[PDB]
Each structure stands twice: as structure tokens, then as C-alpha cells.
């Protein structure tokens, strides 16, 4: 994977090229207002150690932080997300701790409301692949990376509530 962070918009100003996970990008650049992703699927984070607002980016040119639905120009850590192939799989649950009705998801879902008549998911188990959870339908709003593993409360994927609008498999 290869990604380049620019301090100013339109690919101007001080910049930095990265090809791995980095828990603290502050030793390399101070702000980010545009990005070129050459390869790889990336999750970017507002704060060091993969904290704060999260943003999903794939190959392409991003001339302003609005293009990754950014809240501000802070990008202070990043993950190169492993690219799974074959079947992605997760289980979503109505209640905490894998309780309530369970639904299995093995493809993209642009509206959990349309598919399941749900507005909230309170726990989920990612069995195969990485995913991005979105606050709003059609892959909009706040974003949360779901790596394989157990998420017994919505707090575990970094959200401040259980609202889930859409879900996307991490694929290039």
C-alpha cells in the first residue's frame, strides 16, 4: 500500500508518504488537507493510537478533507487494512453481548433500515474480513472500522451511539 498526506488542499504544501500502519503521524506532518492513495485500503484516524474520528480511503485523489467526510484537518494515525478475499462474514445483534435477534451479513448493505428494518445494532461479531460501519445509509456520515473480532457493545467500535446506517466490505 502507498498513501501520501498533504498539509494543504489540492496536493500542496508539506507532505509525507506512508506504506504501513502508523500509530503517530505527528513526527512527519502536522495537518492534512488532501490525500493521494496510490494503493491499499486505509483507515485514517483523527488522533494518535487509532483514536478519534475514523475515515476509510481507497485508491484515488482526495483534494479536500470533505472528500473523505472529514470533520477537520487532523490525521494522526493510520492503518493499512488487510484485504480479505472470498466470503466476508459478520453477525449483527439487536442487543448487547450477542443477545436478541441475530442476522448474518456476507455482502454490502447500503441501508440496514431497508434490509432489516433496524436503525441500531448493539453488538456484532466479525468472523471474516474487515468492514466499515457507517452512521448513515449509502456509506455516509461517521465511519467505524470493523476488524475481525467481537464487539459486544457499540462503544467497542468507537461510536457514541448504536445508530448504524450501512455496512461495507473492505475491498479494493
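Positions refer to the first chain, counted from 1. So that the term is clear: the rigid core is the largest set of C-alpha atoms that superpose within 1.5 Å between two forms.
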item	value
Larger mean CA deviation from the shown form in 4 other deposited structures of this protein [core fit; 102-110 vs 135-143]	135-143
Mean C-alpha temperature factor, higher of 140-148 and 46-54	46-54
Member of 37, 109, 126, 132 with the greatest C-alpha B factor (per the PDB record)	37
Residue 68 - Cα temperature factor, lowest/middle/highest third of chain	lowest
Chain-wide C-alpha B factor ranking for residue 114, given as lowest, middle or highest third	middle
Relative C-alpha B-factor of residue 89, binned into the chain's lowest, middle or highest third	middle
Modelled-residue ranking by C-alpha temperature factor, third containing residue 120	lowest
Ranked against its chain, the third holding the CA B-factor of residue 169	lowest
